[PDB]
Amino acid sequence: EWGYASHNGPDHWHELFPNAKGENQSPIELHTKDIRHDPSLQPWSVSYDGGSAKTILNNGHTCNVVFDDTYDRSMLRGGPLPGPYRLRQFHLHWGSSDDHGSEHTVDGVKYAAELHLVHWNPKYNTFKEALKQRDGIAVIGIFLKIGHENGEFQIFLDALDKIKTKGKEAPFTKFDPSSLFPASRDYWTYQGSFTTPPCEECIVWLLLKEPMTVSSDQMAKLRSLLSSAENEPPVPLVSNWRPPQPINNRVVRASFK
């Protein structure tokens, strides 16, 4: 009961979800000349377990890989976080050609897709209870820039064949999504929200300066997925990005000089 179209677009989401219109929404524009270095930002680390992966779904907005988080398994730590955090899911956001598709922008500059890795604080007992904290979620954000094929990313792409359609689920194990990471772990950090409804203001963002490169033909395989079940009328999922919301008075810090 929401969408990226023209009667369900993001423009309207608040008509049914009213966080959608709070003071800490994501995504944002990042204006590098308004951003300062903070020398108290440490680096982050992951311990992930490739065996945590379970399923891959197409929920009609996006493709999801789900992981097992019933205990402390694949862990994100350091950075600005207070504590260690659990991996739960990743997905993506894209548009309809390569010149655009990311949610965040950096000095105007748009990327072709954004990858989001979702984590949650064990301190808050439960993914669902952490949606009510300001720092309950942690997202690692990655940009996708056109280029050379990515092989670890293919692994994932190959599986899309089995969920083409909204609804569809399939098994997906043994994938470590740290494989996708680029070489640098330089980061921008801010506080905001989920970009899809219900738009909870739950998120510590960690955006990575460095883009993971991918192929145009890799990108058009993501662009194939569809948003109608089988028994129903085709329709492609051609865009799924949300446009930048208001910073108000929010401070964006960089890990890096």
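Each residue number is its position in the shown sequence, starting from 1.
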Exercise for review: Could you check which stretch, 239-247 or 7-15, carries the larger mean CA temperature factor in the entry?
Suggested key: 7-15
**Study point:** Stretch with the higher entry mean CA B-factor, where the candidates are 192-200 and 58-66
**Key:** 58-66
Revision key, fill the gap. Listed options 93, 123, 88, 162: highest C-alpha B factor recorded at 162
Exercise for review: In terms of CA temperature factor as recorded, identify the highest of 105, 74, 150, 178.
Suggested key: 150
Point to revise | Third of chain Cα B-factors occupied by residue 222 | key: highest
Review point. Should residue 52 be placed in the lowest, middle or highest third of its chain by the C-alpha B factor in the entry?
Key: middle
Point to revise | Third of the chain, ranked by Cα B-factor, where residue 133 sits | key: middle
Revision key, fill the gap. Temperature factor at the Cα of residue 116, chain-ranked in thirds, falls in the lowest
Review point. If you rank every modelled residue in this chain by C-alpha B factor, which third holds residue 184: lowest, middle or highest?
Key: lowest
